[PDB]
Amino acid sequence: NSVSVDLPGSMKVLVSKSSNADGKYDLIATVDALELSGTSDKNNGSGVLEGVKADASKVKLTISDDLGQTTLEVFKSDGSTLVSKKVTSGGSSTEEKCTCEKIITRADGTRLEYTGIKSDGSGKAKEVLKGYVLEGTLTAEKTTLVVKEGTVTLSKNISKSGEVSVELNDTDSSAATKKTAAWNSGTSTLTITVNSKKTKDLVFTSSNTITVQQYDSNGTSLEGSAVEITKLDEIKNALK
């Protein structure tokens, strides 16, 4: 049947031995476990092939009419989004990608800074607050800023819709110092529990601030009043 043709960048394209009704030739080529297929005016392997990934991508392979340069363009589920582009024009090959960044400046002065936003909506994220800085990552679903203290990991998740929800995971094994948190979305309050007893209430206010309130030894009543967090060290302390 078809014949294989060698292409720069260690690629290979299959082309039919004969043409079809309208004089065009078949082209079929596998690109890193993706099957591209198309038609061509010629029979030397040049032309345009196309295919899709598992994420419903749109891959376009363009082999120059003289078989000197191969252009592999990746596209989203629509085929109208220049994600990445690899051009092998003989000996050398050049790969091209792009990243974005978003700086949100809230009225009170606090900020959300997103760097290296991939085309899949992910990247690195940083929240600048009054007195401290939280760091973490960004996905299409949520920004996650992480604070770590000992074996405790506090995670503040800002949903794409700007919703705020906090969780806490402690790799501590002893059920005498192990912390376990519960989130109340109505009061935006994370209640920590150590040894079956409530211990601390962390409020993530509408002012983009965090307040700590301690429970009494009984584990049922809040003592004193809440206190605004002024520095990262105080959050770490609240996680101790």
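When you see a residue number, it is the position in the sequence shown, counting from 1.
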item	value
175-183 set against 206-214, stretch whose average Cα temperature factor tops the other in the entry	175-183
Mean Cα B-factor comparison, 72-80 or 104-112, giving the higher one as deposited	72-80
Out of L190, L67, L61, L34, highest CA B-factor residue	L34
Member of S16, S225, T230, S221 with the greatest C-alpha B factor (per the PDB record)	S16
Position of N169 among the chain's modelled residues by C-alpha B-factor, lowest, middle or highest third	middle
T88 - which third its CA temperature factor falls in, relative to the rest of the chain	middle
Modelled-residue ranking by C-alpha temperature factor, third containing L239	middle
